[PDB]
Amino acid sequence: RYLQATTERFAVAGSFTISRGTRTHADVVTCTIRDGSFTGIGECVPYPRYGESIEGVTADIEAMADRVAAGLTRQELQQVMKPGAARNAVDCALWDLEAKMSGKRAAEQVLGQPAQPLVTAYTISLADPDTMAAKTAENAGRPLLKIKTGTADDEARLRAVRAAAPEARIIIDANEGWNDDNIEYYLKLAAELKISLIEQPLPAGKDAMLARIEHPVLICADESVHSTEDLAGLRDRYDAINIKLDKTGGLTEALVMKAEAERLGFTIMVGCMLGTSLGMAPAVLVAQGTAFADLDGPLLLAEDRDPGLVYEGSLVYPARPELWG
């Protein structure tokens, strides 16, 4: 049994912009683990917002080579590695390899039954209002649109997209882009516009005001989410959480976190980094039965894994073993 780390670049379909900046490609790292004729693979996305780099993640993965060769388990893996991109890759590769070797689908092991299709959000990138309105209008038939915001003047943006898709459920994500001076104005505007959810309006660690104002729209933590442990402390500010496998350091911890978030009464969104179908596949399993799923990574790319996940409109079908699981 041996392990390899591989870096791959995927072109974005145009550009992907949040309040923090623009991406024109998606660099991902895969951990491949082989055991005889069997192979497991896991994808991750290093995220510099969380202090990660591609070389850093690859180093962290390649350092697991001997431990994995020795027979490391997912269970022990949760002790040797901290949560983050690197562990995500290793963890999902083990889930994969274990499925291939056993003949039992990762889905069934996680869910106690086969996974099922589900509706994914589709993300409209932050740009000038006219542009965002135009892309929103093209996608006005989708049941769930996720809109990137997070500037000191988003009114034109928010008004334009609602008008372009009057029938869509809409969630807005500021990626820490709003502040104490404009938040109440934006929530009121969002409620007038029938917005379903707002992701991370205020910067992580500068978000105390959320505990002292009405929430006319449910407010979801993303950047502020830091493993199962700090969930309980987030209740005073947030109504929902965005679970990501690159944040939880893999599928194992994502399921733990989902169980605890549900115990604490959080509304659950399962999200993703800008990655491929390989990265989406395990997250589809965590997204079963949750209020929101944001797994549109491959739809934002110009080139995805072949084979990849099937998306028909906004319904994404669960991974077949030719891809993962």
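All residue numbers refer to positions in the sequence shown, first residue = 1.
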- Out of 313-321 and 10-18, which stretch has the higher average CA B-factor listed in the record? 10-18
- Message: I need to verify one thing: averaged over C-alpha atoms only, is the B-factor higher for 279-287 or for 32-40?
- Response: 32-40
- Message: So if I compare the CA B-factors in the entry for 109, 123, 200, 252, which one is the largest?
- Response: 109
- Identify, among 141, 83, 117, 216, the residue whose C-alpha carries the highest B-factor in the deposited PDB entry. 83
- Select lowest, middle or highest to describe the third in which the CA B-factor of residue 247 falls within its chain in this entry. middle
- Task: Would you mind checking where the Cα B-factor of residue 224 ranks among the modelled residues of its chain, as the lowest, middle or highest third?
- Result: lowest
- Lowest, middle or highest third of the chain for the C-alpha temperature factor of residue 102? highest
- Query: Against its chain's modelled residues, does residue 71's Cα B factor rank lowest, middle or highest third?
  - Reply: highest
- Item | Assigned third (lowest, middle, highest) for the C-alpha B factor of residue 129 | lowest
